[PDB]
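# Tertiary structure, described
Single-letter residue listing:
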Amino acid sequence: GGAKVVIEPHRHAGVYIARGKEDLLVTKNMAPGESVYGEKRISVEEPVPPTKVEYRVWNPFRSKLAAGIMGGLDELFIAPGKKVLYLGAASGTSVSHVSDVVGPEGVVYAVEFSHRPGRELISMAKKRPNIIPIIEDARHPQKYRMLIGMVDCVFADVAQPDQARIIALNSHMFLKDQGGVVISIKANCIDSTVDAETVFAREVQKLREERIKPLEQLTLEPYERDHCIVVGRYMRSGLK
Amino acid sequence: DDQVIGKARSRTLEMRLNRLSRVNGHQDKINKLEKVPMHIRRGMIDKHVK
Amino acid sequence: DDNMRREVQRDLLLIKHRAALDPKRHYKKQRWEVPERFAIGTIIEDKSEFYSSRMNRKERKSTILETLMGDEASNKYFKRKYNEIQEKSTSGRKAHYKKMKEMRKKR
Amino acid sequence: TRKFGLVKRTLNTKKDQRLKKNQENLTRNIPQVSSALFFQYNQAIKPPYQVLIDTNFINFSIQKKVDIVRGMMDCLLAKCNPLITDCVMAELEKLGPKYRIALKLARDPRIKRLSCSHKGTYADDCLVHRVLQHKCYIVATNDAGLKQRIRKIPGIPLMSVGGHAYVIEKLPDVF
Amino acid sequence: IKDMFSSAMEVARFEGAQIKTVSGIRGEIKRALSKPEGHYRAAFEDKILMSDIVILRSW
Amino acid sequence: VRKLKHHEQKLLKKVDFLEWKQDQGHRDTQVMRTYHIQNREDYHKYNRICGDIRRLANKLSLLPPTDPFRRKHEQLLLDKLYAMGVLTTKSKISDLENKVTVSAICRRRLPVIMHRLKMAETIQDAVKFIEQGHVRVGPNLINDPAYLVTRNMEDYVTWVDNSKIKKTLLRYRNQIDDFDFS
Amino acid sequence: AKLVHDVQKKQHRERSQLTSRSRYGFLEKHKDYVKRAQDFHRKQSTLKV
Amino acid sequence: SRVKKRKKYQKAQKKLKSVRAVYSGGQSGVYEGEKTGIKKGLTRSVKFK
Amino acid sequence: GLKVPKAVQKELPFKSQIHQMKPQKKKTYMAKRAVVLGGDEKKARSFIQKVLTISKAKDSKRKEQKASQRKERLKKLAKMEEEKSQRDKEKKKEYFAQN
Amino acid sequence: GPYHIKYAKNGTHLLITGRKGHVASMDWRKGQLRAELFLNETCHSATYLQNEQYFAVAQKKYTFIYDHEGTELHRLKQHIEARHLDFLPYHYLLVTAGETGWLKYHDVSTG
Ligand SMILES: [Zn+2]
């Protein structure tokens, strides 16, 4: 609460670990001096005098992507110079963390369909200039095909049963070849009549039917029951 | 034997050792062929069959 | 630089030997050599929620070592555990040997 | 003012990277055991089951005169969805024109079919990989080697033609 | 070895007998010493200590 | 030389500008790198003698197995090569084909003897020292690296007196007696 | 323990030094002697080397 | 017979926390931290084929 | 400790010589010069020493307990492998006796 | 000794051989030499192969083949006494003749 930690770079570029007696997943802060959803911050004094730059604690119980990172994903494609198309930017909770992982030289297109989350997205994208908020339905990528061009990773935190079609449409429009496709699958929101392994197997089969080769899946179990992140790459020719 | 001079002696002893070792030794390990390339071993076989 | 590593060189030892600071904490087995690039930072608990994680102005310190030294339960545990490790480590070495010899000699 | 122990410079086969055998100039990965599993129970699978078939299971079904979906249904007493992967189908087609009956019994609209994405038609590799990835599958097989692989990986029920009907082993709720 | 015998006649009666310490170090009594009476010289497997007791198991 | 593409590497497979089949895997180069051999033709000058030993050993094993001519000459050649030091054991006659080897004749050279006698820290140091003229066998100074040291003649490999190396080892243990110059 | 009683595989307790012979402390028994002897033997082995 | 299966199921579901990672119920209070460590080298995710 | 005699250790090879450094009897200038800090610094030194010896003794306890674990796992594992190999060498003789 | 001269097939590199031992491959029109090796037996002739990157020298008896910087790549156990070497560049053949009455064509690519 007023304690001191040591910041250390993670394996993943752009994200850090603060070691204390409990260690924290941590990102750099793109808009220093305020918190976005009430997370705690770490202010280092890096060395004209030294400047107080600061860092934000990524909460795995309020972020599926942070639950995936600290469960252990072999490769995120969200990287410090990239372009990420966030689908289902339900508020600015995880989009802020993706935004400042991606950095000032990279772009996050935050697509959301509801309007009060869109108002909060625009007021957050003021102080984070590398966020392009797009208030539109992701089920029709042509309605915003003019605003986005050639993303490097898609992240999908939509919670709809037509998820794989939404992911496939947005990837075929805006993702480049051998780009990243990170999916957060929620079993109960896809369908609850079958079990979680059946719906994860069906969603992975749908991805490879829409030619996205899955590299890796992770259940992210201590933070969410019956969730998954599937990390794939957009192969576009030859999953074989 | 005690009167058999060179190449007869080497091939005679080798034939005896092959015939003794073909009982208990494995059939994929007793008679190892000399490594000859394909296009000259096949020509060797064709001229020998001729 | 080494000039700053010679100032944070003690709490990096505390983070390296985390596993024997509290007898109930029991971390997962990593090694954690000192990373090549690091930064020492202070947690800002904001002005939204009070009294739960709040370490007040009167007890904020400047290292992890001063907090661990100000903890009085940890001082009890470290002194007790060190005395029992000490009397295990000097169990039969040299004071025992010469008091055995003096036991032989006294009669 | 020369140097001592002067040698002729030759190439070093141990060192020179211009030749081919010297062209060879960490993050661990321990995959977690599945949250579908208890110790060896596989608490998550529930009817309607889905069963991956392979070629000798189909051949033994036709040799023992068992229907596929009806044999599965009266084996498990549940509603089954049988799945022919494209590699099992490739293997049945490669079996030749002796096995036409087996091929056009595998061509059945009641038997759904998956789409494997790899090179080659090794159905045992494909079935083993896609079952140890997901643990939501019953494997119906009669290969001795595939039966040993599947019953060594945990939480995977195994079905097999035995006698005049199908049997199931590692599914702990059959009655 | 000091006191399991009272006389050199007794040790002479018992020469060559196998003894052992309580550590299981086997040994043998060899000859009675002359001036201290029941004291004798024994040879052991290796160096016994001053905190040991030798034992002649008889019946 | 440019890391051929797939169609090129498929179309010209036997192309190799460094390793040929007449090279025999560059083993002259390999063992002359191991034992630090100056001139290029010492490997092949030793290979001729290994071929002499193995040619005689073949032609001598092709005699009948019990006659005293074969047994006498096999034992006599075995004794001669063990005494010279090329062979390390005079027991079995398969050493006369298997264990007779340019590396064995090269391990008997003077710097390798030196390095095994701990008289120099490496074979290149031993080469430098006997080129600089520090090492005598018997009384007489030996000046060239290729000198082959038999088993009875390795008892007399020492340094010359008035050697700076002899002086510094004696003065390291401060056993230097300056009466006999070192 | 297939055909053994638990009243049969009891615990035999070990004896102490005699109180008359008490200034030479701790009558040592076979585990103490083997701890002595193998230490002596490894030190003699490295001395011989 | 009932208390034995009560106490070998408690043992089993304490062993299950070792093999998997069990969903305990979410975030209890304030997010304190990981409380046990973060490994940046280990990736515990199932790779495909 | 192993007390190698001086007559042996003066006649040892150069690689095998025993680096035994003598104690210092003179109050040298760098030792009489060098400053140590007090109060909070000496209790910091005491604290860091206590923490480091508790960590080292905990690690030694853990690795000794793992040694005691894995020797008995080795024992039961070798028993199970011996039973397995006995079963294999009788099943092979069954197979060949039938064929 | 007297220097046998040789130019590369475009005139960029020069390869000289002394009779005594001195073989130097060089870029004669810059001031860049890339091999100066003193092979103390009597060399007779040399030639480039397909480049300045490999050259073959005819030594006391055996023909040797050296890379761009002068490390020995090959000692040819045939080509017993060469006095004349010439490369055939469209056929990749090193042709060798000399004191023996024999003419030897050696494929440089396969070996
Ligand atoms: Zn397949």
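Attention now goes to the overall build of chain D. A tally of helices and strands in chain D yields six helices and six strands. If you list the helices and strands of chain D from N to C, you get β-α-α-β-α-α-β-α-β-α-β-β. Taken over C-alpha atoms, the radius of gyration comes to 25 Å for chain D, far larger than the 16 Å a tight globule of 175 residues would show. Reported as C-alpha extents along the three principal axes, the dimensions of chain D are approximately 95 × 45 × 25 Å. Burial analysis of chain D (175 residues in total) assigns 46% to the buried set. Summing over all exposed atoms, chain D offers an accessible surface of approximately 10000 Å²; the carbon and sulfur share of this is 56%. Taking the average place of the 31 positive charges on the side chains of chain D and the average place of its 14 negative ones, the gap between the two points comes to 11 Å.

Turning next to the overall build of chain F. Looking only at helices and strands, chain F features eight helices and three strands. Taken from the N to the C terminus, the helices and strands of chain F come in the order α-α-α-α-α-α-α-β-β-β-α. Taken over C-alpha atoms, the radius of gyration comes to 22 Å for chain F, far larger than the 16 Å a tight globule of 182 residues would show. Overall size of chain F, expressed as C-alpha extent along the three principal axes, is 75 × 60 × 25 Å.

On to the interface of chain H and chain A, then. Counting residues at the interface gives 24 residues for chain H, matched by 34 residues for chain A. When residues of chain H are sorted by the area they lose upon contact with chain A, H:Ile38, H:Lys40 and H:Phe48 head the list and together hold 30% of the total. Our count for the contact surface shared by chain H and chain A stands at one salt bridge. In this structure, H:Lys40 engages A:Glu8 in a salt bridge whose closest nitrogen and oxygen atoms are separated by 3.4 Å. Scanning the region where chain H abuts chain A turns up 11 residue pairs in polar contact. Class assignment for the residues of the side of chain H that touches chain A results in eight nonpolar, eight polar and eight charged. For strand β11 (residues 213–218) of chain A and strand β1 (residues 46–47) of chain H, the ladder comprises two bridges, and the chain directions are antiparallel.

All names here are of chain D. Every protein donor of the zinc ion is listed here as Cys-87 (SG), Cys-116 (SG), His-118 (NE2) and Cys-126 (SG), and their distances to the metal cover 2.4 to 2.5 Å. For the zinc ion, the four donor atoms are set out with angles of 82 to 135 degrees between them, so the coordination reads as irregular. When the donor residues of the zinc ion are listed from N- to C-terminus, their spacing reads C-x28-C-x1-H-x7-C. Of this pair, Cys-87 sits in helix α3 (residues 86–94) while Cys-116 sits in the loop between β3 (112–113) and α5 (123–132), and the two are 29 residues apart along the sequence. The two residues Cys-87 and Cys-116 agree in class, both being buried.

Next up on the list: unusual backbone geometry. The peptide bond linking D:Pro47 to D:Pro48 adopts the cis configuration, its omega dihedral lying at 10 degrees. With respect to the helices and strands, the residue D:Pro48 is situated in the segment before β1 (49–53). At A:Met150, a residue that is not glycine, the phi angle is positive and equals roughly 60 degrees. Structurally, A:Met150 is set in the loop between β8 (131–135) and β9 (151–156). A:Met150 gets classed as partly exposed once you look at its relative accessible area, which sits at 43%. Notably, F:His26 is not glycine yet its phi reads approximately 60 degrees, a positive angle. By the secondary structure assignment, F:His26 is in the loop between α1 (6–11) and α2 (27–34). F:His26 sits in the buried class, given a relative accessible area of 4%.

Before going further, it helps to examine the interface of chain C and chain A. Between chain C and chain A, the residue contacts involve 25 residues of the former and 21 residues of the latter. Of all residues in chain C, the largest losses of buried area upon contact with chain A belong to C:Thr42, C:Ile43 and C:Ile44, amounting jointly to 27% of the total for that side. Applying the counting criterion to the chain C and chain A interface returns nine residue pairs in polar contact. Of all elements in the fold, only α2 (11–16) and β1 (39–44) of chain C reach the threshold of two or more residues within the side of chain C that touches chain A.

This next bit is on the sheet that holds strand β2 (residues 140–141) of chain F. Residues and elements named next belong to chain F. The strand order β2-β1-β3 describes an open sheet built from three strands, whose pairing is antiparallel. Edge positions in the open sheet fall to β2 and β3 (157–159), since each of these has one partner strand only. Relative to β3, strand β1 (residues 135–137) runs antiparallel, the two being bridged by three bridges. Within β3, the residue paired with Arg-136 across the bridge is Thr-158.

Taken together, the side chains of B:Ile40, B:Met44, B:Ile45 and B:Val49 define a hydrophobic patch exposed on the protein surface, amounting to about 400 Å² of accessible area. Using a relative accessible area of 47% as the deciding quantity, one classes B:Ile45 as partly exposed.

Residues and elements named next belong to chain D. Contact pair helix α1 (residues 55–64) / α3: the axes reach a minimum separation of 9 Å and the direction vectors enclose 60 degrees. As summarised for this structure, α1 and α3 are arranged oblique, according to the angle between their axes. In this structure, α1 uses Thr-55, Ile-58 and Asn-59 to contact α3, whose residues at the interface are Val-88, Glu-91 and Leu-92. Each residue belonging to the contact of α1 with α3 can be placed in one class, and the counts come to three nonpolar, two polar and one charged.

This part covers the sheet that holds strand β1 (residues 4–9) of chain A. Sheet architecture is closed into a barrel: six strands sit in the order β1(A)-β2(A)-β3(A)-β5(A)-β4(A)-β1(C), paired in antiparallel fashion. Strand after strand, the sheet turns through a mean of 40 degrees between neighbouring axes, direction not considered. Looking at chain direction, β1(A) and strand β2 (residues 15–19) of chain A are connected through four bridges and run antiparallel. By the bridge assignment, A:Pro9 is partnered in β2(A) with A:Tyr16.

On to the side chain of E:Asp52, then. Relative to the helices and strands, E:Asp52 resides in the loop between β3 (40–44) and β4 (54–55). Excluding its chain neighbours within four sequence positions, the residues that come into contact with E:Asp52 are E:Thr21, E:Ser23, G:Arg21 and G:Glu28.

What follows concerns the UniProt feature "domain: PINc" in chain D. UniProt records the feature "domain: PINc" at residues 49–148 of chain D, using the numbering of this structure. Structurally, residues 49–148 of chain D is divided into 50% helix and 15% strand, and its ends, taken at the C-alpha atoms, are 22 Å apart.

In this section: the packing of aromatic side chains. Residue and element names in this part refer to chain C. Under the definition given, this model contains 20 aromatic pairs over all chains. Here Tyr-77 and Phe-78 contribute two aromatic rings whose centre-to-centre distance is 5.4 Å and whose plane-to-plane angle is 45 degrees, an arrangement assigned as tilted. Look at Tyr-77 and you get buried, because its relative accessible area is 12%. For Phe-78, a relative accessible area of 1% corresponds to the buried category.

It is worth spelling out the pattern of salt bridges at this point. Evaluation of the coordinates by the stated rule reveals 51 salt bridges over all chains. In this structure, the salt-bridge partner of G:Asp32 is G:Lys35, at a minimum N-O distance of 3.6 Å. Of this pair, G:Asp32 and G:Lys35 both sit in helix α1 (residues 30–48), three residues apart, roughly one helical turn. Measuring nitrogen to oxygen at the nearest pair gives 2.7 Å for the salt bridge that ties I:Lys91 to I:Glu94. With I:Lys91 and I:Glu94 both in helix α3 (residues 40–98) and three residues apart, this pair spans about one turn of that helix. Beyond isolated ion pairs, a larger network of salt bridges with shared partners links A:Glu8, A:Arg19, A:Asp23, C:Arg18 and H:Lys40.

The buried fraction of α5(D) is high, at seven of 10 residues. Residues of α5(D) that are buried include every one of D:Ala123, D:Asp124, D:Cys126, D:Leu127, D:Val128, D:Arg130 and D:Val131, and no others. Packed against the buried residues of α5(D) are α6 (196–209) of chain A together with β1, α3, β4 (138–140) and α6 (144–152) of chain D.

Conventions adopted
- Residue numbers count from 1 along every chain, following the sequence as written rather than necessarily the entry numbering; any residue without coordinates is not displayed.
- Here the convention is simple: chains get letters from A, ligands get numbers from 1, in the order in which they are written.
- The assembly from which these chains come is larger than what is shown, and the figures reported cover only the shown chains.
- The basis for every side-chain value is the complete set of non-hydrogen atoms in the structure, without hydrogens or water.
- What counts as a helix is a DSSP run of H or I of at least four residues, what counts as a strand is a run of E of at least two, and both are numbered from the N terminus.
- In this description the radius of gyration comes from C-alpha coordinates, and the expected globular size is given by 2.2 Å times residues to the power 0.38.
- Each residue is placed in one exposure class: buried if its accessible area under a 1.4 Å probe, protein chains only, is under 20% of its type's maximum, exposed if it is over 50%, and partly exposed if it falls in between.
- Only the protein chains shown count as cover for residues, with accessible areas throughout obtained via the Shrake-Rupley method and a probe of 1.4 Å.
- Two residue types count as positive, namely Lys and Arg, and two as negative, namely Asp and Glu; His and chain ends fall outside the count.
- Every charge is mapped onto a representative atom, which is NZ of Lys, CZ of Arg, CG of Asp or CD of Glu.
- Contacts are residue-level and defined by heavy atoms, with any inter-residue pair within 4.5 Å sufficient.
- The term buried area means the drop in 1.4 Å probe accessible area that two parts suffer when joined, counted for both and summed.
- Salt bridges, as used here, are contacts in which a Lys or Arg side-chain nitrogen is within 4 Å of a carboxyl oxygen on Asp or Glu.
- N or O atoms within 3.5 Å of each other form a polar contact, as long as, within protein, one can give a hydrogen and the other can take it, and as long as residues adjacent in sequence are counted only when both atoms are side-chain atoms.
- Residues are grouped as follows: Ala, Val, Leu, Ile, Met, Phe, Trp, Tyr, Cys and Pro are nonpolar; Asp, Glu, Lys and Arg are charged; all remaining types, including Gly, are polar.
- Strands qualify as paired when DSSP identifies two bridges or more between them.
- Donors, by definition, are the N, O and S atoms found within 2.8 Å of a metal, the threshold being 3.2 Å for Na, K and Ca, and water is not counted, so a site can look incomplete.
- Working rule for geometry: tetrahedral if four donors all subtend angles between 85 and 135 degrees; square planar for four, octahedral for six, if opposite donors exceed 155 degrees and the others stay between 65 and 115; irregular in every other situation.
- Like charges within 9 Å and nonpolar side chains (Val, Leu, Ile, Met, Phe, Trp, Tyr) within 5 Å are joined into patches, using only residues over 30% in relative accessible area that form no salt bridge.
- Angles run from 0 to 180 degrees between N-to-C directions of axes, and those axes are lines fitted to C-alpha atoms, restricted for helices to the stretch in contact.
- Throughout this description, any angle smaller than 35 degrees is read as roughly parallel, any larger than 145 degrees as roughly antiparallel, any in the 65 to 115 degree range as roughly perpendicular, and the remainder as oblique.
- UniProt positions are given in the numbering used here, feature names are shortened, and annotations may be inferred rather than shown by experiment.
- Aromatic pairing here means that ring centres of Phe, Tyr or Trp (its six-membered ring) are within 6.5 Å. Orientation follows from the plane angle: under 30 degrees is stacked, over 60 is edge-to-face, and everything else is tilted.

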